[PDB]
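>>> Give me a model of this one.
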Amino acid sequence: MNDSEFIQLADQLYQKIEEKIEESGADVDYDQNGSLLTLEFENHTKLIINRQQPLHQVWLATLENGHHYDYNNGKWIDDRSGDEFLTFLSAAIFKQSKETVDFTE
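Residues are numbered from 1 along each chain as shown. Pasting the structure now:
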């Protein structure tokens with residue numbers, strides 16, 4: 001994977017996250033600022049998503065931890081736990097805010 005390709009895949013991810021939020025109807029605000037995609041819930045908690053181009057990784061900050069993902073199996077996979085990004089993101093949105101956004105189906 002080169003930088004251009006990483007950008008294509010990360011763009012697809014960011015737009016998928018945005019579209020799935022709009023589609024779910026959920027009360028999740030999103031804003032992109034440079035490489036950062038911030039999700040805010042009405043309880044004023046947040047999730048912070050970042051792209052790290054030289055590493056070809058996408059990162060996610062929950063309330064507790066940072067998570068780093070590589071593109072494998074046509075998905076983004078946590079480099080320490082193996083958890084898949086979109087599955088994990090849905091769980092985090094529910095675990096921090098109790099609303100449901102399915103990013104996968």
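
>>> Spatially, what comes nearest to residue 75 if we skip its sequence neighbours?
residue 84 (5.2 Å; Cβ to Cβ, 6 or more residues apart in numbering). Yep, even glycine has a C-beta here, placed from its N, CA and C like the rest.

>>> The one you found pairs with what?
Residue 84 has the following beta-bridge partners by DSSP bridges: residue 77.

>>> I'd say it and residue 77 touch.
Yes: taking contacts as Cβ atoms under 8 Å, residue 84 lies within contact range of residue 77: 5.9 Å.

>>> How many neighbouring residues does the spatially closest residue to residue 58 that is not a sequence neighbour have?
Leaving aside its chain neighbours, residue 58 sits nearest to residue 69 (4.9 Å; criterion: Cβ to Cβ, 6+ apart). By other Cβ atoms under 10 Å, the residues close to residue 69 number 25.

>>> so what's residue 69 up against?
The contact partners of residue 69, taken as Cβ atoms under 8 Å, 6 or more residues apart in numbering, are 57, 58, 59, 60, 76, 77, 78, 79, 85.

>>> The third one: helix or strand, and which one exactly?
Read it as residue 59. According to DSSP states H and E, residue 59 maps onto strand 57-61.

>>> hey, C-alpha coordinates of that strand in CSV?
Only the C-alpha atoms of strand 57-61 are listed here, as CSV (Å, rounded to 0.1, in the frame of the first residue of the first chain):
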residue,chain,number,x,y,z
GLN,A,57,-3.0,3.3,10.1
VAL,A,58,-6.3,4.7,11.2
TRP,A,59,-6.4,5.4,15.0
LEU,A,60,-9.4,5.6,17.4
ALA,A,61,-9.4,7.2,20.8
